[PDB]
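One chain comes next, on its own, written out as structure tokens in the form deposited in one PDB entry.
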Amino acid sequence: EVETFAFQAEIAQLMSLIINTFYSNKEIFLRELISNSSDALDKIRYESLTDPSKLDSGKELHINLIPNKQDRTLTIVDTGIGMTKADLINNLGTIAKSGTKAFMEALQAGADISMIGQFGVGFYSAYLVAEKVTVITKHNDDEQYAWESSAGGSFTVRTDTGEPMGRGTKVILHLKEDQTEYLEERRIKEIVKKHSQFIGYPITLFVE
């Protein structure tokens, strides 16, 4: 059932860097996850141009944002390309090892943490606000999997027998106790409008 894996050394460093650095502009985590969803949505769209059955697992191409104050989670769901087990283990389809290096040398030469997305590892900005991230994903070529990590140098992967999702990726942010502003409808709306207003897919902010 559950496999446990070590982050590679540079990804572990990136995560501590994100967790431990004093840096007040945390809201950018949402931009980077929406933009990740948008890239995933482009890929499956591009595939379907030549093969329409790629869309048998869901014709709709969207992003949903789902706050839940009970569980203290904010979930970003897309119906993009999704990830195979291999992708998930390989740093969630990112080039996280070289991207971290380029990111850390950009911090040397003047960059700040908000530019993380330019190095391909914007996913990890999730740890600006989450103490634990769960990613549920399904790619046409594989089963549904769940990846999880509370950082600390390791992550787990298991086949997911929760809710069948068809195709796509759910990023589930278990928010830190002091970052609950990102479950507030007005706050999420302000952030989407600020950093994500031209995303080319409909973004639905669910209500509670």
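Start at 1 and count along the sequence shown; that's the residue number. Definition used throughout: the rigid core is the maximal C-alpha set that superposes within 1.5 Å between two forms.
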{"item": "Mean Cα B-factor comparison, 156-164 or 143-151, giving the higher one as deposited", "value": "156-164"}
{"item": "Stretch exceeding the other in mean C-alpha B-factor - 96-104, 122-130", "value": "96-104"}
{"item": "Residue, from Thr169, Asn36, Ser48, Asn64, that the PDB entry assigns the highest Cα B-factor", "value": "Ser48"}
{"item": "Chain-relative CA temperature factor third for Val207", "value": "middle"}
{"item": "Assigned third (lowest, middle, highest) for the C-alpha B factor of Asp87", "value": "middle"}
{"item": "Assigned third (lowest, middle, highest) for the C-alpha B factor of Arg31", "value": "lowest"}
{"item": "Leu173, C-alpha B-factor rank within chain (lowest, middle or highest third)", "value": "lowest"}
{"item": "Third of chain Cα B-factors occupied by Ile44", "value": "middle"}
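Omitted here: the form deposited in another entry. The next part is about that form.
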{"property": "Residue from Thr73, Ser114, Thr134, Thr94 whose Cα, after superposing the rigid core, lies 2 Å or more away between the shown form and the other one", "result": "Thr94"}
{"property": "Shift of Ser24 between the shown form and the other one at or above 2 Å (CA, core fit)", "result": "no"}
{"property": "Shift of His195 between the shown form and the other one at or above 2 Å (CA, core fit)", "result": "yes"}
{"property": "Closer or farther in that other deposited form, the Cα atoms of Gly93 and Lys43, when the shift from this form is 3 Å or more", "result": "farther"}
{"property": "Pairwise C-alpha change, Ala12 versus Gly93, in that other deposited form against this form - closer or farther, 3 angstroms or more", "result": "closer"}
